[PDB]
Amino acid sequence: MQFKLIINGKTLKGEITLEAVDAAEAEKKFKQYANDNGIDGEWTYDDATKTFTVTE
């Protein structure tokens with residue numbers, strides 16, 4: 001399924017999408033992405049829209 005990440009960071013903002021089987025797997029991938037970009041913040045997840053938000 002397509003999952004989305006909304007980035008509300010200090011330097012980067014935007015939205016990225018990737019494919020995952022379920023929300024737990026998408027969370028892992030997005031947290032790995034965040035590490036690759038030096039993004040550290042508070043995470044929320046909206047199951048209806050399959051959308052995470054990370055807010056720095």
Side-chain angles (χ1 to χ4, degrees):
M1 310 143 64
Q2 292 298 305
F3 287 87
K4 187 183 304 178
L5 177 67
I6 302 172
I7 310 142
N8 298 313
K10 295 180 181 296
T11 277
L12 303 157
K13 299 180 180 181
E15 191 167 87
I16 55 158
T17 62
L18 49 75
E19 179 63 39
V21 75
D22 64 28
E25 176 175 282
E27 183 190 16
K28 170 193 87 292
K29 294 178 180 198
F30 286 140
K31 286 192 165 178
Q32 289 171 331
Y33 169 88
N35 284 334
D36 294 345
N37 296 283
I39 294 165
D40 167 76
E42 305 299 311
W43 290 79
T44 63
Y45 175 61
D46 187 336
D47 201 61
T49 61
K50 305 313 176 184
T51 299
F52 294 84
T53 301
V54 62
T55 301
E56 283 199 302

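Count residues from 1 along the sequence.
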Q. Closest heavy-atom contact between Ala20 and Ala26?
A. CB-N, 3.7 Å
Q: Heavy atoms only: give me the nearest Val21-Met1 pair and the separation to one decimal.
A: O-SD, 3.6 Å
Q: Determine the minimum heavy-atom distance between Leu12 and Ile7, stating which atoms define it.
A: O-CG2, 3.5 Å
Q.
Restricting to side chain to side chain contact (heavy atoms under 4.5 Å, CB included), what partner residues turn up for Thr17, sequence neighbours left out?
A. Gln2, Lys4
**Q.** Side-chain touch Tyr33/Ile16, heavy atoms, less than 4.5 angstrom
**A.** yes
Q) Is there side-chain contact between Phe3 and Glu19, with at least one heavy-atom pair below 4.5 Å? A) no
Q | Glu15 side chain to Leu5 backbone, donor-acceptor under 3.5 Å | A | no
Q | Pairwise distance CD(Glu42) to OG1(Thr53) - rounded to 0.5 angstrom | A | 12.0 Å
Q.
Can you tell me how far apart NZ (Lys31) and CD1 (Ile39) are? Round to the nearest 0.5 Å.
A. 13.0 Å
Q: List for me each residue that meets salt bridge (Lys or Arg N to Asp or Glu O under 4.0 Å) alongside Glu56, sequence neighbours excluded, and say none if there are none.
A: none
Q. Backbone N or O of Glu25 within a donor-acceptor pair of the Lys28 side chain at under 3.5 Å?
A. yes
Q: Return yes when atom CG of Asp40 has more than 12 non-hydrogen atoms of other residues, nucleotides or ligands closer than 6.0 Å, and no otherwise.
A: no
**Q.** Smallest separation among heavy atoms of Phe52 and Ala23, with atom names
**A.** CZ-O, 3.5 Å
